[PDB]
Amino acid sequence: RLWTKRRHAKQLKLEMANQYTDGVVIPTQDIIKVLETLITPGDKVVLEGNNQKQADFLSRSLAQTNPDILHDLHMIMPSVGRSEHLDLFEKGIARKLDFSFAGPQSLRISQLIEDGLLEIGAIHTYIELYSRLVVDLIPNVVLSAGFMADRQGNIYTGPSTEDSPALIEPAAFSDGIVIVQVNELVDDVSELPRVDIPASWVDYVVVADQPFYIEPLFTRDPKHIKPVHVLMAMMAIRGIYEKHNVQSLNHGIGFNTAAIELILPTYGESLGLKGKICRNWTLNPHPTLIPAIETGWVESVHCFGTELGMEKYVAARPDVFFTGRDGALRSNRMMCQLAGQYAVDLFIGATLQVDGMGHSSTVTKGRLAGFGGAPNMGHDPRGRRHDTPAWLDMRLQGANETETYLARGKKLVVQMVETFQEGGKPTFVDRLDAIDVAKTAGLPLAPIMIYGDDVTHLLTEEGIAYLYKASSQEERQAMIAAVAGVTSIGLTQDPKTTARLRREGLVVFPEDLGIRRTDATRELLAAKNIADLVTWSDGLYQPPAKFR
């Protein structure tokens, strides 16, 4: 009894809850009473809360429990998006929050902090948060979702496996309590397409009142891609991917990177680059990647999650994707994020604000955004030792042989951003909003998505600053200024300095890459709209209601 306290405490709760269940199976109607039996005040409760898949029956039910029974819950959530997630704090059920992602436009978290109802632990990147689950955030309860369970608690999670294995294992092996909502219940393990979570990791399953919630978050409609996106995509391909021989990469989702994916088979083909760049991906199944897959550019994709409407296409492309012997995608957000850090040449994405040092954040005044995967994808991995050509291309040059052998490569981290945001606010600012948000919210650090010293390339509609080559912080600032347009930073640019930086190859304008702005048009896109993606997929892609 000196060393079995966790085991004994869990056994008493299971014993009390079992009077309401049929073995592992909680009757759907009895979920609230069972939550009030299995959860204890002060518990660390992981709630999915995945970036895409939401255990929304469990989260809606948790928000209906009695706060005189369940209070001071410490929520651990990779992604905070559902309204009932924040209702937990308003209602006095939850008090503490550790998370990774939240929407950039919402004022709700900031307002709950100001009202004293929400206490932030810290904002994390995804796999950083998973890692704390075996150290100092060991979870007492995990609330997760899957497609199907048998009556032993074996779970099929399929294309939407996502975070679930990384969240469940820490609890399953520390006498935490694991509850999985499923869309369907079957009797025997042989009916499941496969077992993604073994029965011995699961304490209870419950059939959800309706299938688990999930939005199409990794689809960009080609019809909204503009010439400026195409121009920036051309410069990315010619001035970064080709220049450094990028074989493997992740794209942060947006119209800027969708244009890249959609002009590989046209502009990339015109440069003779098929099979020479962009072969291996860590990426969700972007519908905008379909033409690049169909024309043979894309050799492999490992996925953080699914994308709605892409499941049958993915199942019909098993040479490219990771699929089970049952046929369906197996995403794995922990494994994919790990590869995104250690195994790929390049990350490219966007941000809302960038200061004169290159520090980048999407937090703005009153809106405590979360990081998601961006910090893990957008840094130089200093534990990395294996060489690839792009990573070596970042290493110190001009040194003697000895010092060159002691220098190391760097991962490419590209900030690809227009000089002004949607709404007319400047991207480039003298001072990040994040600093004052840190003061207002009581955080010790400004919430920074990507630190300036981790950026190797700054790409705007004006050109590319090759920041990895800046010789001083003063030079770095002049190269940012050269591609910052008519923002406050851009208006400071010295024409003689900009000419010098272009002559030395530290800044490239479109003309320096052989690109005429009039060639950057929507006619370059392999697909102009969603219907075009369906055609490209041979009818396999089935657009969800958002894009129908």
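Residue positions are given as counts along the sequence shown, with the first one as 1.
When the C-alpha B-factors of 260 to 268 and 333 to 341 are averaged, 260 to 268 comes out higher. Remark: stretch with higher mean C-alpha B factor among 105 to 113 and 123 to 131 is 105 to 113. Of the candidates 145, 399, 314, 301, the one whose C-alpha carries the top B factor in the deposited record is 399. The maximum CA B-factor among the listed residues 29, 51, 37, 59, taken from the PDB record, is found at 29. In the deposited entry, the Cα temperature factor of residue 173 places it in the lowest third of its chain's modelled residues.
Remark: residue 162 belongs to the lowest third of its chain, ranked by C-alpha B-factor as recorded. Among the modelled residues of its chain, residue 216 has a C-alpha B-factor that falls in the middle third according to the deposited record. Per the PDB record, residue ranking by Cα B-factor puts residue 44 in the lowest third of the chain.
Placement of the Cα temperature factor of residue 139 within the chain: lowest third of the modelled residues, per the deposited record.
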